[PDB]
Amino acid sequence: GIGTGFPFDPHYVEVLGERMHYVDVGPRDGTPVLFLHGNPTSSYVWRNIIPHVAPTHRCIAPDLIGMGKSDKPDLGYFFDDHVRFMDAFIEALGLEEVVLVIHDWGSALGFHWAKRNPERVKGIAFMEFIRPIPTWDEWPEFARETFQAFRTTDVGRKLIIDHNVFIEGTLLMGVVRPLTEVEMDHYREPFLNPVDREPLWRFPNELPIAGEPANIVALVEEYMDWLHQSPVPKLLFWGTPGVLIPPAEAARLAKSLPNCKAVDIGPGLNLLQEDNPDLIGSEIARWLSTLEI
């Protein structure tokens, strides 16, 4: 069965005066592979994928600020806050050239960093990633009223902050197979106190949907314009029915994006890592062996 443990040695680095936790396994040299999680996860989401890559490549998986085992400063946890901390995390580790493996809000971080620093990105593997959702009709109908409610300071904070709905409900509605109690306890651990749930609420309020927020829509449009032209090697994982990326969106991206290979993982919603980790890990490792890294 799918692994529930998190065996990785903890590593911590000071970033802008705060401690960030990260996984760091595999060989010390070579080009490192940087894994970026999203909402409401942590490096735990990569726990069954990294073991396929670590035999041949260094794997670095940070917990975003305010998440996982990273510190919890009193921030708004806007996307811009995550950009500042992730930019500084990369520099604090002395990383030069990297391969990115990115998902959900980790994909917005990774694509935005890659567009700004294309000389340092030797490949991008991505899945269920952030793109502009032009209208609410392009958000999945089964989740539409709830994401609209999440994007308010009254109803949305009651759901996400007071009642932890992004962890207890949305997370499960983002995985096809059932999560176990042990897995749920790993996902719950950073958010036992309601006040620590700010990033879980700010993230859906940053999603670029129906033109709002305009600043995020613009930033995401910019990195998508880059991705449609850049020769950077690309590996796209997708599932059915998906959430952010429906199968039809995925198949077209695969042929439109330069130097891109697409991989169908089977049934999947948002956290594709929880539905088919072994295929995602083995395909990343195979694809890495084809790169000039």
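Heads up: residue numbers just count along the shown sequence, starting at 1.
### Task
Please work out which of 191 to 199 and 168 to 176 has the higher mean CA B-factor as recorded in the PDB entry.
According to the PDB entry, the answer is 191 to 199.
### Query
Where do the C-alpha atoms have the higher mean temperature factor in this entry, in 105 to 113 or in 135 to 143?
The stretch with the larger average C-alpha B-factor is 135 to 143.
#### Entry: Given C59, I245, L235, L36, the residue at which the Cα B factor reaches its maximum
Largest recorded C-alpha B-factor: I245.
### Message
For the chain shown, is the CA B-factor of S256 in the lowest, middle or highest third of its modelled residues?
### Response
As the PDB entry reports it, the C-alpha B-factor of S256 lands in the highest third of its chain.
### Message
Which third, lowest, middle or highest, does the C-alpha temperature factor of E212 belong to within its own chain?
### Response
Its C-alpha B-factor belongs to the middle third of this chain's values.
### Message
What third of the chain does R28 rank in for C-alpha temperature factor, lowest, middle or highest?
### Response
Ranked within chain, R28 CA B lands in the highest tercile.
### Task
Using the B-factors in the PDB entry, rank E222's C-alpha atom against the chain and give the third, lowest, middle or highest.
It belongs to the middle third of the chain when residues are ordered by C-alpha B-factor.
### Chain-relative CA temperature factor third for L271
Lowest third, going by the recorded CA B-factors of the chain.
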